[PDB]
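Take a look at this single chain, the form deposited in one PDB entry, given in structure tokens.
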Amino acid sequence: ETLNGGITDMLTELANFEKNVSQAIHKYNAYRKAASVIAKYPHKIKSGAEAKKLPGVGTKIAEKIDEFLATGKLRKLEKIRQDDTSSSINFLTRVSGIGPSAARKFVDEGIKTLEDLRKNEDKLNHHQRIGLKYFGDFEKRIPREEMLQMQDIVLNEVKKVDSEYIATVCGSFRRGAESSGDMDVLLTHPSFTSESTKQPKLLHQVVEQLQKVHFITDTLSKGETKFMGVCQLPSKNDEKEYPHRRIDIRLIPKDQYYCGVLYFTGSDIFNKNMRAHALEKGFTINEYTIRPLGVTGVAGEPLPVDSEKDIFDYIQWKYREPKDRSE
């Protein structure tokens, strides 16, 4: 956790690079298990040889660790942190809509920057375009003080369209958190579930409303059960307009809300622990359901949940307020 920190860090840099710049999924993946294992490792790695001793730890990595341990640096890391091409790719990638793949193409065409991008808006697709338009706004965290305003809006409009809708804003927003990265809304309705054959309107109706009133500004992606967009808290009495924010809306069959809801609320750490306990308690849990574990090895059969309560209860645990859902 700090005893093999550098090592794990460099290793991650390395891993990252393989995958983003070179295409080296293998390699990339190589650095990963490597960092994972050293990461758990209980002692002060004092040399390569020592490390090699670990699994996932081969000769090349060991080499690397030596140099790094031998000197505060590593040539290769040295070379990569410079290289404009490598740099460019890490940057282009910041645009929502541009992945590594794309980042590669673009550079090989000479687009290496923001201006490059504006100049070549033609080559970008709609998502990518938006991404570019809101480059700044998108990188700006979302303060709770805004979150609550947003939330206040979304829930009121959902309410109007149908009393039966049920919306929840998961995320750390839900776990307390002072600011957040984007707004995540879990959606359901009684008239939609597991078996119930579809109802796309269910999602589209709301989406519309939200744009009705202009809370929703652009559509990133809009499918039948997942909508990816851009919203914005109306600028008050003109002088201070708000940054454009990412927002997602997703339909969930009622029969599987809370697991989902539980799930999205995190933290990842909370999940796992709960997850493992469920396991002890003779259970199974994932995104959509909680199942009674048979002994034969495995087994299923969706236990029935009416709230986040039903779940814990099942695994016979202490109901946890979202705030304490931390780890």
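Throughout, we count residues from 1 along the sequence that is shown.
- Modelling of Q199 is missing from a third or more of the other compared entries in which both of its neighbours are modelled.
- If you average the C-alpha B-factors over 67 to 75 and over 216 to 224, the higher value belongs to 67 to 75.
- If you average the C-alpha B-factors over 43 to 51 and over 276 to 284, the higher value belongs to 276 to 284.
- Note on the listed residues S87, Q149, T93, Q199: the highest Cα temperature factor in the record is that of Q199.
- Per the PDB entry, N237 shows the highest C-alpha temperature factor of the residues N120, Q211, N237, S101.
- Residue-level temperature factors show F138 in the lowest third of its chain, judged at the C-alpha atom.
- The PDB entry assigns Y31 a C-alpha temperature factor belonging to the lowest third of its chain's modelled residues.
- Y258: CA B factor lies in the lowest third for its chain, per the PDB record.
- Ranked against the other modelled residues of its chain, the C-alpha B-factor of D184 as given in the entry falls in the middle third.
- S194 sits in the highest third of its chain by CA B factor, as recorded in the PDB entry.
Just so it is clear, the following notes concern the form deposited with a small molecule bound, a form of the same protein that is not shown.
- Using a 4.5 angstroms limit between non-hydrogen atoms, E280 is distant from the small molecule in the deposited bound form.
- The shortest heavy atom separation between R141 and the small molecule in the deposited bound form is within 4.5 Å.
- Contact annotation: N271 falls within 4.5 Å of the small molecule in the deposited bound form, judged by heavy atom distances.
- Residue contact with the small molecule in the deposited bound form: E157 places no heavy atom within 4.5 Å of it.
- In short, of 201 to 209, 171 to 179, 149 to 157, 233 to 241 it is 171 to 179 that has heavy atoms within 4.5 Å of the small molecule in the deposited bound form.
- Rigid-part rearrangement between the shown form and the other one places its hinge, out of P55, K159, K105, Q82, at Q82.
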